[PDB]
Amino acid sequence: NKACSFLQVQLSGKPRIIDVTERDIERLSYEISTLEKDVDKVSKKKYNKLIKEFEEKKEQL
Amino acid sequence: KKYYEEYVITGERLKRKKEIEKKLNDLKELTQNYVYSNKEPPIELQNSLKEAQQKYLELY
């Protein structure tokens, strides 16, 4: 009973990629958008990861 | 006599922050979307962004 319902989720509507990868568009950008004034230290480097994760995602997208 | 004066100095910071934390959040949003096509927020306004930020490169 389990093995068939896995395939309809990608089938009825949208696939696994469209489902999963759209959140890493949204949910990561949900976090960076509040980050207005960050003259503070090493959390600067998390820009240099999470914005570069967009380049990691959107090249794959 | 030390503690109240420390409440003055730390209190006088936040008065001077809200004077400038509002002005940073306004003038950037003019420069965020489609107004900066041809210098309509010109270099004088783009330097005034950097003017208040250089006040809080240190004081923040």
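Definitions and cut-offs
Residues numbered from 1 in each chain as written, not as in the entry; some residues may be left out. Chains lettered and ligands numbered in written order. Part of a larger assembly, values for the part shown. Heavy atoms only, no water. Axes fitted to C-alpha atoms, helices over the stretch in contact; angles between N-to-C directions. Helix = DSSP H or I, 4+ residues; strand = E, 2+ residues; numbered from the N terminus. Parallel < 35°, antiparallel > 145°, perpendicular 65-115°, else oblique. Left-handed = near helix turned anticlockwise from the far one by under 90°. Contact = heavy atoms within 4.5 Å. Nonpolar A, V, L, I, M, F, W, Y, C, P; charged D, E, K, R; others polar. Patch = residues over 30% accessible without salt bridge, like charges linked within 9 Å, V, L, I, M, F, W, Y side chains within 5 Å. Areas by Shrake-Rupley, 256 points an atom, 1.4 Å probe, with all protein chains shown as cover. Salt bridge = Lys/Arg side-chain N within 4 Å of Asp/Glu carboxyl O.

- The deposited coordinates, according to the entry record, derive from cryo-EM at 4.23 Å resolution.

**As for the packing of helix α2 (residues 16–32) of chain A against helix α3 (residues 44–60) of chain A**
Residues and elements named next belong to chain A.
Reasoning step 1: α3 packs onto α2 with a crossing angle of 155° between their chain directions and a minimal axis gap of 10 Å. One element, α2, and the other, α3, form an angle in the roughly antiparallel class. Viewed along their axes, α2 and α3 form a crossing whose handedness is left-handed. The segment α2 lies against α3, with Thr21, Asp24, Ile25, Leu28, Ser29 and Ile32 engaging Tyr47, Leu50, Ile51, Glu53, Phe54 and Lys57.
Reasoning step 2: Here the contact of α2 with α3 is composed, by residue class, of 7 nonpolar, 2 polar and 3 charged.

**Some thoughts on a nonpolar patch on the surface**
Reasoning step 1: Side chains of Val39(A), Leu57(B) and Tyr60(B) sit close together on the surface and give an oily, nonpolar patch of about 290 Å² of accessible area.
Reasoning step 2: Inspection of the secondary structure assignment puts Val39(A) in the loop between α2 and α3.

**As for the packing of helix α1 (residues 3–30) of chain B against helix α2 (residues 43–55) of chain B**
Residues and elements named next belong to chain B.
Reasoning step 1: In contact at an axis separation of 10 Å, α1 and α2 are set at 150° when each is read in the N-to-C sense. Considered as vectors, α1 and α2 are oriented roughly antiparallel to each other. Seen along the crossing, α1 lies across α2 with a hand that is left-handed. Packed against α1, whose contacting residues are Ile20, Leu24, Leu27 and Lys28, the element α2 presents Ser48, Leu49, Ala52 and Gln53 at the interface.
Reasoning step 2: When the residues that make up the contact of α1 with α2 are grouped by side-chain class, the tally is 5 nonpolar, 2 polar and 1 charged.

**Here's the deal with the environment of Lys28(B)**
Residue and element names in this part refer to chain B.
Reasoning step 1: Examined against the element boundaries, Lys28 turns out to sit in helix α1.
Reasoning step 2: Considered as a pair, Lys28 and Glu44 are 16 residues apart in the sequence and their alpha carbons are 13 Å apart.
Reasoning step 3: Non-local contacts of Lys28, meaning those with residues more than four positions away in its chain, are made with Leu49 and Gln53.

**Let's talk about the environment of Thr21(A)**
All names here are of chain A.
Reasoning step 1: Relative to the assigned elements, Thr21 resides in helix α2.
Reasoning step 2: In this structure, the C-alpha to C-alpha distance between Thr21 and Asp40, residues 19 residues apart in sequence, is 30 Å.
Reasoning step 3: When residues no more than four places from it in sequence are discounted, the contact partners of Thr21 are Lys57 and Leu61.

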